[PDB]
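S.K.: Pasting in a structure now, in structure tokens, and then I'll have a few things to ask.
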Amino acid sequence: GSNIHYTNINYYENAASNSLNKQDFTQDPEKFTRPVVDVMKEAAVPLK
Amino acid sequence: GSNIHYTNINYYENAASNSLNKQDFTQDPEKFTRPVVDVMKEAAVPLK
Amino acid sequence: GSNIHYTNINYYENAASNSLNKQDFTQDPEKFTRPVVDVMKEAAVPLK
Amino acid sequence: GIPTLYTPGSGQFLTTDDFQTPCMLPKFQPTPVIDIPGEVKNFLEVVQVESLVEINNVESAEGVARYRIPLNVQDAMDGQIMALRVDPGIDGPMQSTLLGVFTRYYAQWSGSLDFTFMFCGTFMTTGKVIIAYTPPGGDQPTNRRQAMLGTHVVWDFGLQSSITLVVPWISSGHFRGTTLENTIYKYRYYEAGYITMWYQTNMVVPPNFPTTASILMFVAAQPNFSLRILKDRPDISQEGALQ
Amino acid sequence: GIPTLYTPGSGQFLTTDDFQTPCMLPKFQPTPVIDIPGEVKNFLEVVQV
Amino acid sequence: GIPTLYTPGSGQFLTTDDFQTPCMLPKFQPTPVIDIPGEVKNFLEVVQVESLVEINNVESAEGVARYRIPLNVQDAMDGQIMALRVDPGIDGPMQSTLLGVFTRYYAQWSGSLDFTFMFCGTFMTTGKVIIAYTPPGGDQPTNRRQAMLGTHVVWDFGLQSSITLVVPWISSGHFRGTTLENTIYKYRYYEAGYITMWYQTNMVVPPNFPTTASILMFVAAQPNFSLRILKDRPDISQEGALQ
Amino acid sequence: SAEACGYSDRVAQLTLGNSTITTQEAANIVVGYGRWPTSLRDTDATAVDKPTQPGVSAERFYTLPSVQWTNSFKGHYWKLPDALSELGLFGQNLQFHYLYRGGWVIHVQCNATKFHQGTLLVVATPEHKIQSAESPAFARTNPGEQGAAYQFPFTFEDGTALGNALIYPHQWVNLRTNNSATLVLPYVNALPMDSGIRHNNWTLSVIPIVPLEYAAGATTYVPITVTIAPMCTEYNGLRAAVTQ
Amino acid sequence: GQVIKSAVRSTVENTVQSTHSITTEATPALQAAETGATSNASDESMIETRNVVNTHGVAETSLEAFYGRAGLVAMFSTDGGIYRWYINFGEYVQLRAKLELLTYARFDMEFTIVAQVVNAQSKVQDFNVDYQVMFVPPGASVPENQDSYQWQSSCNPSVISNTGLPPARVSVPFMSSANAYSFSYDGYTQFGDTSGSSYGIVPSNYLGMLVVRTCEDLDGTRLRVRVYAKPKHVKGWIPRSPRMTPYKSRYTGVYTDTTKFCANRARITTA
Amino acid sequence: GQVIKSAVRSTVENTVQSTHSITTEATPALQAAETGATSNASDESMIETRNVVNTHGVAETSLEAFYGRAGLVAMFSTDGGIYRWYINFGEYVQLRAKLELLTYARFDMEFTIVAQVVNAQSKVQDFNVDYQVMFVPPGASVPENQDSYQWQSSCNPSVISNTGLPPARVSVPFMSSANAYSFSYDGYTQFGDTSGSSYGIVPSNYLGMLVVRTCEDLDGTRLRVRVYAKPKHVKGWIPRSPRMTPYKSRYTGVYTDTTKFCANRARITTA
Ligand SMILES: CCCCCCCCCCCCCCCCCC(=O)O
Ligand SMILES: CCCCCCCCCCCCCCCCCC(=O)O
Ligand SMILES: [Cl-]
Ligand SMILES: [Cl-]
Ligand SMILES: [Cl-]
Ligand SMILES: [Cl-]
Ligand SMILES: [K+]
Ligand SMILES: [K+]
Ligand SMILES: [K+]
Ligand SMILES: [K+]
Ligand SMILES: [K+]
Ligand SMILES: [K+]
Ligand SMILES: [K+]
């Protein structure tokens, strides 16, 4: 996988010159998968 | 925009060899826009 | 032989980019040479 | 000058390289980042969203009708309703789904899959169906008895209109190839199995009611799903440059 | 020599590039900066007139 | 730019070079390393494992029979049973052994050698044999008296079926070339000596028993053995590209 | 009990300004991208004039002309803010200003009976282009309050798969389950504000994916009604009224 | 106004061992797609599971990993020693389809230029020649000829290289007047015009043109040029439904109607 | 479950001085190969030894030292300006035989590409031309021609270089879906098929293909390409019996039967 240690010095003035971002994480997808006002717990029925 | 951190070492003897200046600010333009002896406040009439 | 001191900095993001490993040791070969349940000491007869 | 020795690779243009380079506009200052809803940081957020499977991909079904699984009042028991290979990246009903499109942008996948079904008959229309996942090894199950020996869920039509059958990740390896192309790579090796649906009882309706109804089929990746090795989506192509 | 790998862009002449380069007159010492009225640091000072 | 001066060697492709280079898939995350038995870190672990010597490499012996050293009831005393140069990397009985194959992947070797022999006659078959190692200087010993002046072991057939003759590392230099090729390099300089086997007494059997029996010969590197300078194994070759 | 048992109650009331909408067969409420409408931050704003914030005069429910769920119904769509550009004070504020920003509360209504079956996808799509024609007709890109009928539902009028429209804020009106859909939408754009007469930020689509069927003899005339309320709106660049 | 949190993860979710469940209380399997929410049934609730410490990463699907590589955006040959290319990514479909997966996005770009000389029969030549690529922003004068004064390029950025040198390469910042580029625009390019040709295009996405020439005249040959673009430091908003029909035009998303996406099979009951 | 330890060493074993031994107790020389164990008789127990502080290293036989160098894996010439090479290491025997010394192994790889132009008579030309090597993973569309759209390579990784530049070179990670590559597989490629052609090959070892082209058309000449591979960061398991017969096929280990490995000699008693 990715190296825990490696050179990370910027040689140029503008950030546009920098190499690619190295975060690459993901986030809870709820804003897309469950964009609802009322919480609907997994163990209960959705509608009542 | 510009990087907050980046290499800034001069490899040559004469300053003429150095890369471009990185300040780039602007200054109050009064010496060109209002080169007058008497202050004329924005809220008052110019001449009396 | 190998140098006791030398540059060891990774310039790339992925470990796959790194140069060759520098360990190169060997291990006790018993798992291949003597994979037996009962210990058979060098000074004794193997079977009794 | 500092002594240097340039190496193989010098001058090459690797499309996936990642170097710093001079900027055309070194002092340019971009517009501020403003608050915009819906920021996405990883496409795994997208494949976890359910989308419709083009399940009824037969000659007689055109357009929107291809999303509907036909259900009808039976006069025999234990009959089959549908079948599908669960592989998300192969040609077929899954290829046009959100999950399918992104899976087709990669060479390998891993993770459980969420197959959700929504019954769309009348409020008075009842029924029970069994949906089963058959792990690989043989052919798709030939009858309900064989199918029920695998992972499955029995769905009862009612107030809660939908049911979920989780096709758990059950694989020899941590990942599977996204294609099952055989002639060249023999990737049939990776087949993930089948999902089949059968009448558990029967679809039952009152007098003069529609004796046919539809089920919509949704699919999405579960939270343990991931993809590796980006590749060009085979569905996007062109002859000459567009004008 | 230190191992290096040269990359795309090598040898190119980008008119907006910003590198350090050898000076034709390394020991040259310019005339002093004297007091001259009207120094401008940014053209925004001009368009505001 | 930092002033630099590129040097000789620039642009060359040395197959044994060791530089860092851009990765085709910079963000790729491999499958986890799982617990698998038998991890090997150095091939010295392999050459220390005994393997059979193709010792009876004569016209009359084919296949499996080539591993058997023939032994038979004698009617004369002090007779010879076998002979072999101890050099592990030269063409001959040793070339197809584990030790031989790896030694043939290198140009130099050092270390003591383990030659173990297992008697395979009947439980009632007895005998004593002497196995000797003759350090270099002359030709292989012509008789048992000459052979016994060198390093040796007297083996008595019995419950413990095997015996080990250690051919200790006795060399002028710390290493020896793995080939004895003479015409070009005059490497005959490195000959390590001979191993010979003789009847110490006689093979003796009861009435109507097989009057011939076999001895299997094993060889392996000792713990002070090592190899240097990798080279292509001469046994692996091809004409055109394989299809 | 709903928040205690972890379920969503099927009844709902939406009250904005002088308008109240109720339903007894809802399926929760969707809040687009999990974001409620919000005012423009001082750090995101660029237009310097003090904005007009009409409040209740524009932030209320406007009901559009109903559409019939015919046998050959392919679906219907409305562009926002286009659909309300000539309705009430919301329309007036939209016309009198160069710039507009705002969210929405959408309530789609369609009741039948327990003897009917059918399913409508109710989706709010950001930047939904009607590009099935070489040269899109203004009548179809900006159909006004009457909305426009779908001609290419399978391809979502834009060359994508209808089945993937679920990536956008949506709900379904499945007759056996519910008779209405409710969506709260925040302002979405690559700019802080924009012209309400040149750009439609959202498009509301109501598409039948499971055709309307029913027990023989049941009511055949089933309308679909859309009621929309602007929410958290602000306008800049006042001048005379201008429509597209 | 955000009522739904978005915590970050660096690995996919683990699986926890589960046991049987026989109850009238918890019913994970029952769902209601009408709500607009994707099912929340977990593996552990649908079957008995084992413990799986899953260390699979999520890096290769990040926006940076997905978009962070070069793709062809322009390819042409000079005519009279010059070529004018309007900067737009609609000519070559692969990168185009990728970008349209997002509604809005901010990113810097790395442009790489690969050029070589070809003859009248389009046969490549081993000929080193200096070439100039000048970025002409909207409003600036575009040179009509290979030797026009605009090539002085005292303000316009230019990159001069040689077909004998490695490909030219420069980075560009996020240049739009907007706060993000838009890959879907349901509006018109101007007020007072509702013609179809001015629909679906946001002008702020067009930053100008690249004009290319050989510094001096080639004798009977031409300069072949390929321009590649690589998005960097990507920030994206509002995922979109993927393109599911072939592209037909460079500037519009017009398409040919279809009655199916995937190919047909004999019957729905045979996988 | 490991009952046998594996301590690491950086040098071979020393020799310790030993003296004579006349006893009925210790009998180091007596062994029993039937147990499956290699003899444990030490030099010091078989003869009188001297002290030898042996500093000989063990580095050159480590997996990294043995495998850590480039070897040819592909060699071909374009046809119509293109060539499709299925990634596999069975065509050229040297590296192949090395890999088969292990049953399972994980390693990254460094690929080096050396290319030059040759004419119809296979005579090398001093001609600099740009070439493109594109990695096409299984499932992605493989270009049919030198100018097909797939060369846009917006997702597939590609490396573009020139025959006038040093050899191209890129590293690749351990890419198998498995937890190690397998160099011996006693099984079939799929369920439901037991044909011999689907035996002995593990599909996960095949990661795709490399398709090569010259960016523009050569006039009557072709591109000659050699691909070298160098394993890096090697981890290996289960040593195997070395190949002892010539290879005959690229995809199978089929061989010609033989009655001997080494050549014959006159008699077993003459060395
Ligand atoms: C002097 C060197 C020339 C290098 C090229 C500079 C190019 C500058 C233009 C940058 C604009 C890129 C963003 C375009 C995104 C919109 C794409 C589209 O909708 O078609
Ligand atoms: C874009 C530059 C191209 C560089 C080459 C990339 C190659 C990617 C494939 C890597 C797979 C290597 C492992 C193969 C091991 C299995 C060998 C075999 O059994 O035949
Ligand atoms: Cl397929
Ligand atoms: Cl198939
Ligand atoms: Cl020899
Ligand atoms: Cl010899
Ligand atoms: K107010
Ligand atoms: K985890
Ligand atoms: K539930
Ligand atoms: K789910
Ligand atoms: K030692
Ligand atoms: K012993
Ligand atoms: K031994």
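A note on labels: chains of the structure tokens are A, B, ... as shown, every chain counts residues from 1, and ligands are counted from 1 in their shown order.
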Using only C-alpha atoms and all ligand atoms, determine which residues fall within 6 Å of ligand 1, then list them as a PyMOL selection string.
M.R.: chain H and resi 88-90+111+133-135+157-159+170+183+205+207
S.K.: Mind writing the picked residues with N, CA, C and O atoms as a CSV table (one decimal), in the first residue's frame?
M.R.:
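The file below, selection-v8.csv, is the result:
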```
chain,number,residue,atom,x,y,z
H,88,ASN,N,-12.1,22.5,-24.8
H,88,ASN,CA,-13.4,21.9,-24.4
H,88,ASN,C,-13.1,20.4,-24.3
H,88,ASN,O,-12.3,19.9,-25.1
H,89,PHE,N,-13.8,19.6,-23.4
H,89,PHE,CA,-13.5,18.2,-23.3
H,89,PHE,C,-14.7,17.3,-23.9
H,89,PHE,O,-15.0,16.3,-23.3
H,90,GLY,N,-15.3,17.8,-25.0
H,90,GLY,CA,-16.3,17.0,-25.6
H,90,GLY,C,-16.0,16.2,-26.8
H,90,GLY,O,-16.8,15.3,-27.2
H,111,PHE,N,-1.6,19.5,-18.0
H,111,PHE,CA,-1.7,19.2,-19.4
H,111,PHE,C,-0.4,18.7,-19.9
H,111,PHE,O,0.6,19.3,-19.6
H,133,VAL,N,3.0,26.4,-28.2
H,133,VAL,CA,1.6,26.2,-27.9
H,133,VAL,C,1.3,27.5,-27.1
H,133,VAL,O,1.8,27.7,-26.0
H,134,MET,N,0.4,28.3,-27.6
H,134,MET,CA,0.0,29.5,-26.9
H,134,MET,C,-1.4,29.5,-26.4
H,134,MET,O,-2.4,29.2,-27.1
H,135,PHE,N,-1.6,29.9,-25.1
H,135,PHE,CA,-3.0,29.9,-24.5
H,135,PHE,C,-3.5,31.3,-24.8
H,135,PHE,O,-2.9,32.3,-24.3
H,157,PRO,N,0.2,33.1,-22.0
H,157,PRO,CA,1.3,32.2,-21.6
H,157,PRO,C,1.5,31.3,-22.9
H,157,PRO,O,0.6,31.0,-23.6
H,158,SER,N,2.8,30.9,-23.1
H,158,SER,CA,3.1,30.0,-24.2
H,158,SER,C,4.1,29.0,-23.7
H,158,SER,O,4.9,29.3,-22.7
H,159,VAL,N,4.2,27.9,-24.3
H,159,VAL,CA,5.2,26.9,-24.0
H,159,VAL,C,5.8,26.5,-25.3
H,159,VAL,O,5.1,26.1,-26.3
H,170,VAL,N,2.4,21.3,-18.3
H,170,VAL,CA,2.2,22.4,-17.4
H,170,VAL,C,1.0,22.2,-16.6
H,170,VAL,O,0.0,21.5,-17.1
H,183,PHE,N,-20.8,20.2,-15.0
H,183,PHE,CA,-20.8,19.2,-16.1
H,183,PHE,C,-22.2,18.9,-16.5
H,183,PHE,O,-22.5,17.9,-17.2
H,205,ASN,N,-17.3,27.5,-18.5
H,205,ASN,CA,-16.5,26.3,-18.6
H,205,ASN,C,-15.5,26.5,-19.7
H,205,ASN,O,-14.5,25.7,-19.9
H,207,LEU,N,-12.5,28.4,-21.1
H,207,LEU,CA,-11.5,29.4,-20.8
H,207,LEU,C,-10.6,29.9,-21.9
H,207,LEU,O,-9.7,30.7,-21.6
```
S.K.: Leaving out residue 8 (chain D) and any residue of its chain fewer than 4 positions from it, which residues lie within 6 Å of it when counting only C-alpha atoms, given as JSON, numbers by chain?
M.R.: {"F": [11], "I": [166, 167, 168, 169]}
S.K.: Smallest atom-to-atom distance to residue 23 (chain A): which of D:215, D:193, D:42, D:6, using only C-alpha atoms?
M.R.: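 Closest residue, counting only C-alpha atoms: D:42.
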S.K.: Could you write out, as a ChimeraX atom specification, all the residues of chain A that DSSP marks as strand (DSSP E or B)?
M.R.: /A:2,14,26-27,36,47
S.K.: Pick out the residues no farther than 8 Å from ligand 10, counting only C-alpha atoms and all ligand atoms, and list them as a PyMOL selection string.
M.R.: (chain A and resi 33) or (chain D and resi 48-50+113-114+220-223) or (chain H and resi 38-42)
S.K.: With all Cα atoms paired residue by residue, do a least-squares superposition of chain F on chain D and hand back the transformed coordinates as a compact mmCIF listing (two decimals) with C-alpha atoms, in the first residue's frame.
M.R.:
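That gives us result-v3.txt:
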```
# COMPACT_ATOMS: atom_id res chain seq x y z
CA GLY F 1 26.67 21.06 -10.56
CA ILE F 2 25.70 18.14 -8.36
CA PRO F 3 26.72 14.87 -10.04
CA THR F 4 23.66 12.91 -11.16
CA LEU F 5 22.88 9.74 -13.10
CA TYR F 6 19.58 9.65 -14.95
CA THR F 7 17.75 6.34 -15.09
CA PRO F 8 15.38 4.22 -17.20
CA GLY F 9 11.94 5.81 -17.32
CA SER F 10 13.47 9.24 -17.92
CA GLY F 11 11.38 11.29 -20.33
CA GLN F 12 8.50 8.82 -20.33
CA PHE F 13 4.89 9.91 -19.98
CA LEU F 14 3.09 7.51 -17.63
CA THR F 15 -0.55 8.64 -17.55
CA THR F 16 -0.81 7.71 -13.88
CA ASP F 17 2.40 9.50 -12.88
CA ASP F 18 2.27 12.01 -10.05
CA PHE F 19 4.87 14.77 -10.22
CA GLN F 20 4.88 18.47 -9.40
CA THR F 21 5.10 20.75 -12.43
CA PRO F 22 5.35 24.48 -13.17
CA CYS F 23 2.01 26.28 -13.22
CA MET F 24 0.94 28.29 -16.25
CA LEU F 25 -0.39 31.00 -13.89
CA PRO F 26 1.89 30.94 -10.79
CA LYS F 27 0.15 33.83 -9.03
CA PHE F 28 -3.44 32.94 -9.90
CA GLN F 29 -5.91 33.01 -7.00
CA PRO F 30 -9.05 30.86 -7.51
CA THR F 31 -12.59 31.74 -6.52
CA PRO F 32 -13.50 30.73 -2.97
CA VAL F 33 -14.95 27.30 -2.23
CA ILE F 34 -18.59 27.92 -1.37
CA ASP F 35 -21.10 25.80 0.49
CA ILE F 36 -22.67 23.40 -2.02
CA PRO F 37 -24.81 20.46 -0.85
CA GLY F 38 -23.98 16.89 -1.85
CA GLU F 39 -20.20 16.76 -1.70
CA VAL F 40 -18.85 13.32 -2.56
CA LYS F 41 -15.31 12.21 -1.70
CA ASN F 42 -15.35 8.60 -2.84
CA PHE F 43 -17.47 6.77 -5.40
CA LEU F 44 -18.15 4.01 -2.88
CA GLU F 45 -20.72 6.53 -1.62
CA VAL F 46 -22.48 6.25 -4.98
CA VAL F 47 -22.48 2.47 -5.49
CA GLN F 48 -24.09 2.09 -2.06
CA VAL F 49 -27.16 3.86 -3.45
CA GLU F 50 -29.82 1.48 -4.81
CA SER F 51 -30.69 1.67 -8.51
CA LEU F 52 -33.02 -0.41 -10.71
CA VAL F 53 -31.88 -3.63 -12.35
CA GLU F 54 -32.90 -4.03 -16.03
CA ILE F 55 -34.07 -7.51 -15.02
CA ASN F 56 -36.73 -8.28 -17.64
CA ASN F 57 -34.28 -8.06 -20.54
CA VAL F 58 -36.29 -10.09 -23.04
CA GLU F 59 -37.42 -9.45 -26.62
CA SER F 60 -41.01 -8.62 -25.62
CA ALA F 61 -39.96 -5.96 -23.10
CA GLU F 62 -39.04 -2.48 -24.30
CA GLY F 63 -37.86 0.52 -22.33
CA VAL F 64 -39.40 1.05 -18.90
CA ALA F 65 -41.09 -2.37 -19.03
CA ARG F 66 -37.65 -3.97 -18.71
CA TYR F 67 -37.48 -2.95 -15.04
CA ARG F 68 -40.57 -4.94 -14.10
CA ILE F 69 -40.45 -8.53 -12.87
CA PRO F 70 -43.78 -10.08 -13.96
CA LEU F 71 -45.84 -11.80 -11.26
CA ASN F 72 -49.18 -13.52 -11.85
CA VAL F 73 -51.79 -15.68 -10.15
CA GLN F 74 -50.56 -19.27 -10.45
CA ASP F 75 -52.50 -22.50 -10.97
CA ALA F 76 -49.51 -24.67 -10.00
CA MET F 77 -47.15 -24.56 -7.01
CA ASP F 78 -43.48 -23.76 -6.38
CA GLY F 79 -42.95 -22.03 -9.74
CA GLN F 80 -39.98 -19.84 -10.68
CA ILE F 81 -40.26 -16.06 -11.11
CA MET F 82 -36.75 -14.98 -12.13
CA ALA F 83 -33.04 -15.76 -12.19
CA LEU F 84 -29.84 -13.74 -12.52
CA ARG F 85 -26.08 -14.13 -12.06
CA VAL F 86 -25.13 -11.89 -9.12
CA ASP F 87 -21.86 -10.67 -10.69
CA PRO F 88 -22.11 -6.84 -10.76
CA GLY F 89 -19.70 -6.16 -13.62
CA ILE F 90 -20.76 -8.56 -16.37
CA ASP F 91 -22.95 -7.82 -19.38
CA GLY F 92 -26.60 -8.21 -18.50
CA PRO F 93 -29.32 -6.63 -16.29
CA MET F 94 -26.70 -5.22 -13.89
CA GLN F 95 -24.59 -3.37 -16.46
CA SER F 96 -26.76 -0.25 -16.56
CA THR F 97 -27.12 0.13 -12.78
CA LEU F 98 -25.06 2.58 -10.69
CA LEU F 99 -23.28 -0.36 -9.10
CA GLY F 100 -22.72 -1.93 -12.50
CA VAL F 101 -21.34 1.19 -14.18
CA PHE F 102 -18.73 1.82 -11.51
CA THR F 103 -17.89 -1.86 -11.23
CA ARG F 104 -17.27 -1.74 -14.99
CA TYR F 105 -14.75 1.07 -14.40
CA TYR F 106 -12.68 -1.43 -12.38
CA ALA F 107 -11.06 -4.85 -12.80
CA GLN F 108 -11.75 -6.35 -9.37
CA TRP F 109 -14.46 -6.18 -6.71
CA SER F 110 -15.27 -7.44 -3.23
CA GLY F 111 -18.16 -7.15 -0.81
CA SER F 112 -21.71 -8.12 0.01
CA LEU F 113 -24.53 -6.93 -2.23
CA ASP F 114 -27.92 -5.51 -1.34
CA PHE F 115 -30.75 -6.73 -3.56
CA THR F 116 -34.01 -5.08 -2.55
CA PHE F 117 -37.39 -5.78 -4.11
CA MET F 118 -40.58 -3.72 -3.99
CA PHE F 119 -43.99 -5.23 -4.70
CA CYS F 120 -46.27 -2.99 -6.74
CA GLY F 121 -49.59 -4.83 -6.90
CA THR F 122 -52.80 -3.57 -5.27
CA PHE F 123 -53.19 -3.26 -1.51
CA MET F 124 -55.50 -6.31 -1.66
CA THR F 125 -53.02 -8.44 -3.60
CA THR F 126 -51.16 -10.86 -1.34
CA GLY F 127 -48.37 -13.35 -1.79
CA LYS F 128 -45.22 -14.93 -0.43
CA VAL F 129 -42.09 -15.46 -2.48
CA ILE F 130 -38.69 -16.88 -1.69
CA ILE F 131 -35.52 -15.23 -2.99
CA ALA F 132 -32.34 -17.28 -2.86
CA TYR F 133 -28.63 -16.78 -3.40
CA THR F 134 -26.81 -19.87 -4.64
CA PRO F 135 -23.04 -19.76 -4.00
CA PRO F 136 -20.97 -21.07 -6.96
CA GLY F 137 -19.98 -24.62 -7.84
CA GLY F 138 -22.76 -25.73 -10.15
CA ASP F 139 -25.52 -24.39 -12.39
CA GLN F 140 -28.45 -22.24 -11.29
CA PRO F 141 -30.96 -24.19 -9.15
CA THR F 142 -33.57 -26.05 -11.23
CA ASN F 143 -36.39 -25.94 -8.68
CA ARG F 144 -37.44 -24.28 -5.43
CA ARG F 145 -36.31 -27.21 -3.29
CA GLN F 146 -32.77 -26.93 -4.62
CA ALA F 147 -32.76 -23.14 -4.38
CA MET F 148 -33.90 -23.00 -0.74
CA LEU F 149 -30.81 -24.93 0.38
CA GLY F 150 -28.79 -21.75 -0.16
CA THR F 151 -28.90 -18.29 1.41
CA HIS F 152 -32.44 -16.96 1.21
CA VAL F 153 -35.27 -14.82 2.50
CA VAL F 154 -39.01 -15.50 2.49
CA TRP F 155 -40.91 -12.35 1.62
CA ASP F 156 -44.51 -11.72 2.69
CA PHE F 157 -46.32 -9.00 0.75
CA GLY F 158 -47.82 -6.46 3.13
CA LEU F 159 -47.71 -2.91 4.49
CA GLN F 160 -43.91 -2.84 4.25
CA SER F 161 -43.74 -3.13 0.46
CA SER F 162 -40.13 -4.20 0.17
CA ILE F 163 -37.69 -6.89 1.23
CA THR F 164 -33.93 -7.15 1.12
CA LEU F 165 -31.92 -10.23 0.25
CA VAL F 166 -28.30 -9.68 1.14
CA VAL F 167 -25.98 -11.62 -1.15
CA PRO F 168 -23.14 -11.96 1.38
CA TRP F 169 -19.58 -11.93 0.16
CA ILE F 170 -18.75 -15.63 0.00
CA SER F 171 -15.63 -16.07 -2.08
CA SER F 172 -12.44 -18.13 -2.00
CA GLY F 173 -10.35 -15.02 -2.60
CA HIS F 174 -10.62 -11.53 -1.09
CA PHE F 175 -11.51 -10.14 -4.53
CA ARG F 176 -13.10 -11.34 -7.77
CA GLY F 177 -12.51 -10.20 -11.33
CA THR F 178 -15.35 -8.00 -12.60
CA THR F 179 -15.61 -9.85 -15.91
CA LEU F 180 -16.22 -13.56 -16.47
CA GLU F 181 -14.68 -13.41 -19.96
CA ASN F 182 -13.53 -16.97 -20.62
CA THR F 183 -12.05 -17.38 -24.11
CA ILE F 184 -8.94 -15.37 -23.24
CA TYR F 185 -8.55 -15.07 -19.46
CA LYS F 186 -10.66 -17.99 -18.23
CA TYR F 187 -12.24 -15.63 -15.69
CA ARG F 188 -15.34 -17.84 -15.47
CA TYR F 189 -13.21 -18.90 -12.47
CA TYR F 190 -14.69 -15.96 -10.54
CA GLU F 191 -18.44 -16.58 -11.03
CA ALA F 192 -20.18 -15.39 -7.86
CA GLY F 193 -23.34 -17.46 -8.12
CA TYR F 194 -27.02 -16.91 -8.77
CA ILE F 195 -30.04 -15.18 -7.35
CA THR F 196 -33.41 -16.80 -8.09
CA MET F 197 -36.98 -16.03 -7.05
CA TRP F 198 -39.84 -18.51 -6.65
CA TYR F 199 -43.46 -18.50 -5.53
CA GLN F 200 -43.46 -19.57 -1.87
CA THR F 201 -47.27 -19.76 -1.89
CA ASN F 202 -49.09 -17.87 -4.67
CA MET F 203 -50.10 -14.35 -5.70
CA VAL F 204 -53.75 -14.11 -4.62
CA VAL F 205 -56.31 -11.46 -5.59
CA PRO F 206 -59.99 -10.54 -5.03
CA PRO F 207 -62.67 -10.81 -7.77
CA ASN F 208 -62.02 -8.88 -11.01
CA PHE F 209 -58.61 -7.64 -9.84
CA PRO F 210 -55.55 -7.52 -12.11
CA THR F 211 -54.19 -11.08 -12.08
CA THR F 212 -50.74 -9.82 -13.01
CA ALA F 213 -48.55 -7.45 -10.99
CA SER F 214 -44.97 -6.20 -10.93
CA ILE F 215 -41.95 -6.27 -8.65
CA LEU F 216 -39.19 -3.69 -9.02
CA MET F 217 -35.63 -4.86 -8.34
CA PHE F 218 -32.96 -2.65 -6.74
CA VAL F 219 -29.27 -3.35 -6.18
CA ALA F 220 -26.49 -1.61 -4.27
CA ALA F 221 -23.14 -2.33 -2.67
CA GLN F 222 -22.98 -3.05 1.08
CA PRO F 223 -20.58 -1.23 3.48
CA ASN F 224 -17.88 -3.91 3.04
CA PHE F 225 -17.71 -3.41 -0.74
CA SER F 226 -14.68 -2.04 -2.62
CA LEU F 227 -13.18 -1.91 -6.12
CA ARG F 228 -9.60 -2.12 -7.43
CA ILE F 229 -7.70 -1.38 -10.65
CA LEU F 230 -9.35 1.35 -12.70
CA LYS F 231 -10.04 0.55 -16.35
CA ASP F 232 -11.96 2.18 -19.17
CA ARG F 233 -15.70 1.50 -19.14
CA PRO F 234 -16.41 -0.75 -22.16
CA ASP F 235 -19.75 0.95 -22.83
CA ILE F 236 -18.23 4.33 -23.76
CA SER F 237 -16.86 4.42 -27.30
CA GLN F 238 -16.71 6.42 -30.53
CA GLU F 239 -15.63 6.14 -34.16
CA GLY F 240 -14.25 9.51 -35.16
CA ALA F 241 -13.78 12.69 -33.13
CA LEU F 242 -17.07 14.39 -32.25
CA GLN F 243 -17.92 17.75 -33.81
```
